[PDB]
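One structure below.
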There are 2 protein chains.
Amino acid sequence: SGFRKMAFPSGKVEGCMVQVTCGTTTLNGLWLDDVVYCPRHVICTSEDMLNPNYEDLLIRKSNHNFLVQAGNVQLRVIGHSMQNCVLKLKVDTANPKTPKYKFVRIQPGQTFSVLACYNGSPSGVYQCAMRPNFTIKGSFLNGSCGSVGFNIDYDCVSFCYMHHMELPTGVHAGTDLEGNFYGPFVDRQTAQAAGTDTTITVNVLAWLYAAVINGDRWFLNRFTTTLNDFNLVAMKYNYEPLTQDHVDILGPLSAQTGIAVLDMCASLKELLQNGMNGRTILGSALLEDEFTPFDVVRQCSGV
Amino acid sequence: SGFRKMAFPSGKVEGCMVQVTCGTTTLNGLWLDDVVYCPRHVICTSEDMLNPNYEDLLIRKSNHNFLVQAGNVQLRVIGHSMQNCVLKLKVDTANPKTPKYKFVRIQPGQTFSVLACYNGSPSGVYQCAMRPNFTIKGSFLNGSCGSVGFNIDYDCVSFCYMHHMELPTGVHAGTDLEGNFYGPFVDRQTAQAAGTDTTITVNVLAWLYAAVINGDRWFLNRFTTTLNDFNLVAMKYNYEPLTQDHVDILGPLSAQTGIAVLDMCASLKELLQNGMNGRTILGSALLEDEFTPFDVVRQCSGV
Ligand SMILES: *C(=O)[C@H](C[C@@H]1CCNC1=O)NC(=O)[C@H](CC#C)NC(=O)/C=C/c1ccccc1
Ligand SMILES: *C(=O)[C@H](C[C@@H]1CCNC1=O)NC(=O)[C@H](CC#C)NC(=O)/C=C/c1ccccc1
């Protein structure tokens with residue numbers, strides 16, 4: 001028993017992290033087979049950051065402008081190309097530690113683990129959710145770009161995020177591993193701001209089920225609600241609408257606890273309207289929305 | 001910027017995890033050089049759990065009673081011995097992936113990363129604090145015993161915890177890697193219960209400093225307090241006394257933010273007496289005490 005924000009074990013990804021330097025800019029790269037992937041803004045200079053033309057900067061570069069170090073073995077760059085907001089640096093050695101992997105783009109509301117790195121060396125690992133507004137609430141300092149987010153399924157790493165920047169609100173923005181940004185952000189210099197965020201309703205419900213599985217029951221009631229009358233309340237509190245598919249996804253947790261999804265919705269409505277009155281759920285005084293139903297089942301299997 | 005509960009990268013520890021089976025009991029072991037360490041209750045059976053005599057059970061065992069698997073390469077046990085609540089199984093191969101390591105016992109109030117494992121295979125990684133009552137608030141299911149907690153300093157893994165059991169309150173208890181329990185617990189069957197816990201005051205202060213470093217300032221004031229008048233309030237709210245050494249440890253955070261430790265104490269006193277009135281700090285509606293000053297500096301270096 002117990003419930004914690006749990007990251008995937010990071011070893012398979014640690015073996016892929018390299019350091020990429022171009023000019024006086026050093027950041028992190030991801031070394032899979034004989035390609036290193038990194039953010040294309042590694043080729044920018046201070047004088048072209050408001051709106052660099054990345055195609056010009058790249059045509060003016062050669063292979064020898066890119067210094068790639070794995071630990072401190074130097075990898076020779078033998079080819080370079082741009083794919084959207086990511087650079088692909090072909091190197092003369094295939095990474096012997098290349099895991100089975102996929103490049104997957106995730107959906108708002110899904111979670112993943114982040115391996116924060118600096119200078120090619122892993123610093124720490126933590127769990128993030130892709131917010132409905134396509135930002136993530138992470139922990140990233142100068143030098144962390146090129147750090148990646150991932151899930152593991154069996155022994156296949158599905159990479160889903162590469163870090164590019166921090167917004168003025170302190171949240172973070174990046175791309176998938178094909179270099180396509182999550183959300184309406186660009187790797188330049190704008191006053192760029194995220195769209196208004198909402199709470200991931202299905203995840204809050206999943207987390208209430210985790211709480212029940214862990215003996216927290218004070219918020220339950222006999223009330224049930226209709227999906228319509230629940231979504232009326234959700235809209236008022238800036239929660240995303242709940243769909244029948246969300247109810248279906250919550251099925252196994254429903255069956256494990258014997259609490260119908262719409263009964264748990266009745267509990268959430270009461271929590272939204274009355275708050276907690278000084279009590280906690282799984283150690284939180286806020287309703288937590290960064291656990292998916294899968295995160296709960298994975299951690300709470302058999303109580 | 002940003003602040004998250006961050007674990008250490010788990011790769012160096014993943015390479016040490018093995019599966020240890022004796023009888024019908026399978027749990028996790030830690031393979032360093034030519035020794036596998038695991039909880040001694042792996043030799044228990046259902047009929048001797050209230051108070052096993054572990055010296056009898058062990059004398060009645062042979063090397064061939066212990067099946068040790070790394071991945072699925074079988075390691076031959078060539079020697080066995082008991083060290084307090086841990087077994088040391090000598091095996092015929094030194095672990096090629098053995099990192100530089102230390103066996104360190106930590107203090108209440110210090111943090112560490114846990115690599116939760118089942119059947120020798122790492123499941124996830126998360127950060128824990130050793131509570132003042134020598135329990136940890138983790139996430140452990142049946143089969144997780146032998147999972148270890150650790151810190152990393154440079155490239156040396158300091159192992160500090162091996163998991164043995166869950167208490168009735170849902171918290172967890174274990175030993176250091178010499179097999180000496182943290183706290184007044186035993187690896188048998190008792191109605192055993194933890195002593196009353198307290199809040200780690202120096203860590204709450206460190207976390208307030210992290211919040212300031214991340215732009216959360218609403219809880220500050222010009223008030224300052226004396227260390228004595230603060231500890232009077234702390235005692236009332238079940239917080240541990242703050243010492244001059246704690247004030248010294250908080251020095252660098254004090255200097256980085258320009259807020260004197262005793263000024264930050266004045267803020268904490270107000271927070272204890274008035275609560276937050278519906279606001280949050282670093283995304284929490286509770287005062288967080290599982291970040292050490294070191295955790296903050298490590299994550300918040302240079303804003
Ligand atoms: C890459 O390492 C770095 C990561 C951020 C540094 C500070 N915290 C980060 O996550 N990426 C950048 O610095 C990019 C570079 C480009 C283009 N730029 C930004 O993050 C811009 C931030 C900003 C904030 C407020 C106003 C303007 C720009
Ligand atoms: C080892 O894998 C296991 C870990 C716990 C299982 C359930 N969650 C755990 O963290 N260790 C045990 O099961 C040990 C074995 C011994 C001795 N026993 C307990 O954890 C006893 C728990 C308990 C709770 C309430 C009343 C009595 C006993």
Side-chain angles (χ1 to χ4, degrees), chain A residues 1-2 20 25-29 38-46 48-52 54 85 114 116-119 135-147 162-174 181 185-194 214 300 302-303, chain B residues 1-2 20 25-29 38-46 48-52 54 85 114 116-119 135-147 162-174 181 185-194 214 300 302-303:
Chain A
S1 98
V20 179
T25 303
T26 285
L27 44 66
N28 302 284
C38 72
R40 70 177 182 174
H41 67 77
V42 70
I43 72 186
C44 288
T45 64
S46 150
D48 55 36
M49 302 190 309
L50 269 164
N51 214 337
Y54 282 102
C85 299
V114 168
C117 298
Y118 299 84
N119 298 102
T135 64
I136 67 166
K137 297 172 177 168
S139 181
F140 290 108
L141 298 170
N142 281 266
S144 60
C145 291
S147 295
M162 182 169 274
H163 182 58
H164 285 65
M165 63 195 310
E166 177 173 304
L167 303 184
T169 53
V171 299
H172 301 102
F181 256 94
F185 314 109
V186 291
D187 53 345
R188 53 195 158 92
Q189 194 30 240
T190 300
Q192 31 190 337
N214 280 272
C300 289
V303 183
Chain B
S1 98
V20 179
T25 303
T26 285
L27 44 66
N28 302 284
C38 72
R40 70 177 182 174
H41 67 77
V42 70
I43 72 186
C44 288
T45 64
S46 150
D48 55 36
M49 302 190 309
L50 269 164
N51 214 337
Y54 282 102
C85 299
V114 168
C117 298
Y118 299 84
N119 298 102
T135 64
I136 67 166
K137 297 172 177 168
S139 181
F140 290 108
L141 298 170
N142 281 266
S144 60
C145 291
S147 295
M162 182 169 274
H163 182 58
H164 285 65
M165 63 195 310
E166 177 173 304
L167 303 184
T169 53
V171 299
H172 301 102
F181 256 94
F185 314 109
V186 291
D187 53 345
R188 53 195 158 92
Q189 194 30 240
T190 300
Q192 31 190 337
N214 280 272
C300 289
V303 183

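Per chain, numbering begins at 1; letters A, B, ... match sequence-line order. Whatever order the structure lists ligands and atoms in, that order sets their numbers, starting from 1.
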First locate atom [atom1] of [X], then atom [atom2] of [Y], and finally report the distance between them rounded to the nearest 0.5 Å.
| X | Y | atom1 | atom2 | value |
| --- | --- | --- | --- | --- |
| A:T26 | A:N142 | OG1 | CG | 12.5 Å |
| B:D48 | B:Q189 | CG | CD | 12.0 Å |
| B:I43 | B:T25 | CD1 | OG1 | 10.0 Å |
| B:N51 | B:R188 | CG | CZ | 4.5 Å |

Inset, instruction - Can you confirm whether something in the protein, heavy atoms only, sits under 4.0 Å from atom 13 (O) of ligand 1? - result: no
Legend entry - Protein contact to atom 17 (C) of ligand 2 [nearest heavy atom, distance to 0.1 Å]: B:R188 O, 3.4 Å
Legend entry - Nearest protein heavy atom with distance in Å, relative to atom 7 (C) of ligand 2: B:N142 ND2, 3.6 Å
Inset, instruction - Would you mind running through ligand 1 and noting each atom that sits below 4.0 Å from a heavy atom of A:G143? - result: 2 (O)
Inset, instruction - Taking only heavy atoms of A:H172 into account, list the atoms of ligand 1 that are under 4.0 Å away from them. - result: 10 (O)
Legend entry - Close approach, B:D187 and ligand 2, non-hydrogen under 4.0 angstrom: yes
Residue selection (non-hydrogen contact nearest [atom]) among [options]:
| atom | options | result |
| --- | --- | --- |
| atom 8 (N) of ligand 2 | B:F185, B:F140, B:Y118 | B:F140 |
| atom 25 (C) of ligand 1 | A:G146, A:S139, A:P168 | A:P168 |
| atom 1 (C) of ligand 1 | A:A116, A:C145, A:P52 | A:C145 |
| atom 19 (C) of ligand 2 | B:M165, B:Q189, B:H41 | B:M165 |

For [X] and ligand 1, does the shortest N/O to N/O distance drop below 3.5 Å?
| X | value |
| --- | --- |
| A:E166 | yes |
| A:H164 | yes |
| A:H163 | yes |

Legend entry - Where B:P52 and B:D187 come nearest, the two heavy atoms and their spacing: CG-O, 4.5 Å
Inset, instruction - For B:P39 and B:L27, work out which heavy atoms get closest and say how close. - result: CD-CD1, 3.9 Å
Inset, instruction - May I ask you to check whether A:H164 and A:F181 place their ring centres under 6.0 Å from each other? - result: yes
Inset, instruction - Just say parallel, tilted or perpendicular for the rings of B:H163 and B:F140, cut-offs at 30° and 60°. - result: parallel
Inset, instruction - Quickly, which of A:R40, A:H41, A:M162 forms a side-chain contact (heavy atoms from CB on, under 4.5 Å) with A:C85? Name it, please. - result: A:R40
